[PDB]
């Protein structure tokens, strides 16, 4: 299975993951690397979006509003929450780079009537998950406790020598009250930039079992199974995750052999 998508270029639409090229039904994930002064226009269509400023400042025109010079961090490694913008479906938007800009466009099916809204770093829930070699900084950009039709968005910091997305969990089957089907994308970053991590996507029966050396700005698709991330000594890791499915609830099942790591 080919779950790894390496960047296609250095500038422009460096990552383009769609339901059509991912072989799935809900999640889309795009990254644009723009120079100061450049713009993109997002269309009025049947998809809701979450614009995540990974690095740099931007101005956004949408609905009847103008949002000027949103963003703050110049690197995701500043460890301060991303500035994001929620766009409902049927919303054309123009995004202009105020500085050089690394922009994530998270997409999923849209059908509701929520308004355009800003998700500033102060609206992002911050949590420190796990203990020891399992410690991670989590920024809940768009959790299931906040409003959206489909999208669930999170960014996670895993320092070199820690394991994250671990103990192994899956969200690949609708099992009422236990688990939901949620497609998931990982957009990875490293500090220093030449680093890599090892991500493994696997099922209990191992019918799917793929390990991948993931480098800076690579995407990993998670269509099913467990999906832990093992970082490498010397290279701090960051990832931006998008999830969506038929039911917007994060319900997962832990792999039974490793569930004791939560105790």
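Numbering follows the first chain given and starts at 1.
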Between 144-152 and 127-135, which has the higher average C-alpha B-factor in the PDB entry?
127-135
What third of its chain's C-alpha B-factors does residue 69 belong to: lowest, middle or highest?
lowest
Going by the entry, which third of its chain does the Cα temperature factor of residue 250 land in?
highest
Place residue 220 in the lowest, middle or highest third of its chain's C-alpha B-factors, as listed in the PDB entry.
middle
Residue 183: which third of its chain by C-alpha temperature factor?
middle
If you rank every modelled residue in this chain by C-alpha B factor, which third holds residue 18: lowest, middle or highest?
lowest
